[PDB]
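Asker: Numbering (the authors' numbering), first residue to last: 18 to 286, 298 to 734.
Virtual Cβ for every residue (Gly too), placed ideally from N, Cα, C.
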Ligand SMILES: CCCCCCCCOCCOCCOCCOCCO
Ligand SMILES: CCCCCCCCOCCOCCOCCOCCO
Ligand SMILES: CCCCCCCCOCCOCCOCCOCCO
Ligand SMILES: CCCCCCCCOCCOCCOCCOCCO
Ligand SMILES: CCCCCCCCOCCOCCOCCOCCO
Ligand SMILES: [Zn+2]
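1. Name the one or two DSSP bridge partners that residue 175 has.
2. Compute the beta-carbon to beta-carbon distance between residue 374 and residue 350, rounded to the nearest angstrom, for a pair I have assumed lies under 8 Å.
3. Taking the continuous alpha helix (DSSP H) assigned at residue 703, which residues delimit it?
4. So for residue 452, helix, strand or coil by DSSP?
5. In chain order, what residues of the same chain lie with their CB nearer than 6 Å to the CB of residue 664, ignoring the 5 residues before and after it?
6. Tell me the start and end of each unbroken alpha helix (DSSP H) in the region 242-269 that is at least 4 residues and wholly inside, in chain order.
7. Please classify residue 81: does DSSP put it in a helix, a strand, or coil?
8. Mind listing, in chain order, the continuous beta strand (DSSP E) runs of no fewer than 3 residues lying wholly within the region 578-607?
9. Using a strict less-than 5 Å threshold between each residue's beta carbon and the heavy atoms of ligand 4, what residues do you get?
10. Counting pairs of beta carbons, one from the region 318-328 and one from the region 362-370, are three or more of them closer than 8 Å?
11. Quick one: using the 10 Å Cβ neighbour count with 16 as the cut-off for buried, is residue 707 buried or exposed?
12. Rank 245, 308, 255, 659 by C-alpha distance to the C-alpha of residue 680 and give the top, closest one.
13. Considering only the beta carbon of each residue, do residue 573 and residue 534 sit closer than 9 Å?
14. Buried or exposed: residue 649, going by 16 or more other Cβ atoms within 10 Å of its Cβ?
15. Would DSSP call residue 21 helix, strand or coil?
16. Between the Cα of residue 389 and the Cα atoms of 134, 354, 249, which residue gives the shortest distance?
17. Is it buried or exposed for residue 652, if we count other Cβ within 10 angstroms and need 16 for buried?
18. Any residue with its C-beta under 7 Å from a non-hydrogen atom of ligand 2 counts. Can you list them all in chain order?
19. Taking a contact to mean a Cβ-Cβ separation below 9 Å, would you say residue 493 touches residue 571 in this structure?
20. Have a look at residue 182 and residue 731 and give me their C-alpha separation to the nearest angstrom.
21. Since residue 476 sits in a beta bridge, which residues does DSSP pair it with?
22. Closer than 8 Å to a non-hydrogen atom of ligand 3 - does that hold for the CB of residue 469?
23. Considering Cα atoms alone, identify which of 172, 187, 186 is closest to residue 180.
24. Pop quiz: residue 477 and residue 524 are said to be a contact at Cβ under 8 Å. What is the actual Cβ separation, rounded to whole angstroms?
25. Are there any heavy atoms of ligand 5 lying less than 8 Å away from the beta-carbon of residue 593, as far as the coordinates show?
26. Just to confirm the assignment, what range does the beta strand (DSSP E) spanning residue 672 have?
27. Is the beta carbon of residue 669 less than 9 Å from the beta carbon of residue 550?
28. What is the chain-ordered set of residues for which the beta carbon lies under 5 Å from any non-hydrogen atom of ligand 6?
29. For residue 140, tell me which candidate among 245, 214, 447, 233 has the shortest Cα-Cα distance.
30. Give me whichever residues DSSP pairs with residue 156 in a beta bridge.
31. Scan the region 507-575 and note each continuous beta strand (DSSP E) run of 3 residues or more that stays entirely inside, going in chain order.
32. From which residue to which residue does the alpha helix (DSSP H) around residue 491 run?
33. From residue 241 to residue 531, what distance separates their C-alpha atoms?
34. Taking only three categories from DSSP, how would you classify residue 753?
35. Tell me, please, which residues DSSP counts as bridged to residue 180.
36. Could you check whether the Cβ of residue 418 sits closer than 8 Å to any heavy atom belonging to ligand 3?
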């Protein structure tokens, strides 16, 4: 048969949808952003060997959506690229990269791509021969990676299946070229282990089943100076701190009139290796039967509880505690067709209790994110109408968000007394309404043309609302904005796809217009003495809002002169611009007049550089499958406020695989050679733009299906 996406109960399908095989992924880098890097329109936001996030059409974090088998990952990778994404592509069956109204099934504000990682955790069928699974192993030079992985499915009778799976990865600091005196990049080592046990029913009509997962990651933080260890931010008026007084314990309640616009900044005045120790424990239940009750063709439910935490450490000492407890429930049903129009409607409840707190030195109370509770009540659905060779699908999502914070009312009344009226203290409630509409014309099949559009509202996160702390790994001190508005977006894309024996291609053109776009506004610049002297110095930011305009293009094209050979060209390009920046109050004059200074439109931070790809593939024969990949990464000269130019490199990759069969199972050998040119690889779209990536690496690996 053929690859079919699972993310939607109702199968929608644009021509830019892309399904990556798990078989392909067993030979790919472990972290999601690395694994996906190289797919047209996808770059990486790497942060050492420990983490990389996908950057899709210039977007990342809360403007895309990573899914662990239809479920919330529960991690804190939206917070900073510092933090690894809790999915395992090396243990995956499939990674589906989807565009269109399907995104509305899972979130509001996803404008670039839904990335769903599907797993074997809960079997869904029964294994041939009663047992099935695979075993995997690979080594990588200058990495120095050792990766072992395995999984098993066993029938406990006629309609019961147990699944186990696990992976361990060990890697040291990666080698780097010409980053002198240094053979390897310090603090870039990364170790990870995962395990899962599942147990499920069998159908028809479908399945019910549960699974438990457990993951430990331990990895260094590269380029981590301690110089800001003994530093705090002054951002609120001293006077305001003396009078409001609640801003000493709860500084997230500040308003614009509390910000010191004269001389805000850092006042300065744990000798161990920087690293992150992260633990994620997961309990879930999946279910899907094929004729629930009359009028509906399918029913799919999903329950999840996820315990996430991570310590940011120096030696054996913890500097920062990160915590995120997640519970998520979703019910989707697909109605029986009414009249060549089909539909899936669903409801979702999502609760996230999170904090990001410093170790109690204390050094004064400035919580990056105080303990907060966010609840998402979401109603959503998609409907597709079919006029034969033309499909038209619409999507909607209405989610109400309640952000609550547990105050000590208690101390606040007493500490404040009089004279001052206390702020709202109420729960922050907002409601997003989003719609999508998409048209697919299969004219002259197999020839697909999609036109997709959406108007989406993204609810501000508690990080964006209530941050008031220092996060060294991103070189920023984050201040939230308690009354942000919803990010509004108007999104348009046209995709064209062809596959015809000799030629294959996929082309896409997109534009994303915001819409009260939320962005980090640097304040500690061009003001008092605490303002920055250098571009590299730490930024004191407060979240603000403006217009934004992203547009770009991406594509691939392959030609097969012979069933043996395939030649290809790939490419992508993306522009991101901040428009309509708000005017900010400047220095107070000698007459006491503080003027609003206007800031021009400027470039978006860490937008990927253009990239061209050249590709060769050839089976020779039946078993051996050689391949060559030459990427031309161009320099990035469209720079945001404090960014520097990024080169600009030549990525040459060689590969080969040996397919060989026997009793029980299949033997997939592979040999890979990365960065043969040993070039200085820099990713403008990462927080470490000027730190080189892996110099040059040899990989040998085996996978054994059975
Ligand atoms: C199922 C466990 C068996 C795994 C052993 C793999 C065989 C070789 O691996 C040795 C692992 O450790 C070796 C130490 O170095 C790791 C990477 O090697 C670089 C040394 O040149
Ligand atoms: C068949 C080869 C598989 C070898 C990979 C090792 C898999 C072992 O890991 C699974 C067990 O891991 C449980 C989760 O990790 C432990 C985290 O908590 C304890 C601290 O390590
Ligand atoms: C629409 C892609 C296939 C092209 C064949 C023409 C389809 C005939 O109907 C055109 C209406 O299609 C609606 C497409 O969805 C709206 C996209 O733009 C929304 C902007 O408001
Ligand atoms: C709601 C289903 C139909 C989706 C189309 C809604 C409108 C989205 O427009 C798509 C085209 O994008 C640009 C539209 O421009 C009009 C307003 O744009 C400026 C917004 O800042
Ligand atoms: C199928 C291949 C056709 C390309 C599809 C669109 C991909 C875009 O590729 C264009 C890459 O162009 C290189 C851009 O050059 C550097 C960018 O900076 C120039 C601005 O001064
Ligand atoms: Zn962090």
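Answerer: This is what the structure holds:
1. BP columns for residue 175 are empty, so no partner.
2. Not really, about 30 Å apart at Cβ, beyond 8 Å.
3. Careful: residue 703 lies outside any alpha helix (DSSP H) and carries neither H nor E.
4. coil
5. 637, 674, 712
6. 255-260, 263-266
7. coil
8. 593-607
9. 463, 465, 481, 483, 518, 520, 541
10. yes
11. buried
12. 659
13. no
14. exposed
15. coil
16. 249
17. exposed
18. 152, 165, 166, 167, 183, 184, 185, 210, 211, 212, 231, 232, 233, 307
19. yes
20. 14 Å
21. 470, 525
22. yes
23. 172
24. 5 Å
25. no
26. Here residue 672 belongs to no beta strand (DSSP E), and DSSP marks it neither H nor E.
27. yes
28. 97, 99, 501
29. 214
30. 163, 728
31. 515-528, 531-550
32. 490-494
33. 48 Å
34. In this structure the chain extends from 18 to 734, so residue 753 is not present and cannot be described.
35. 170, 215
36. yes
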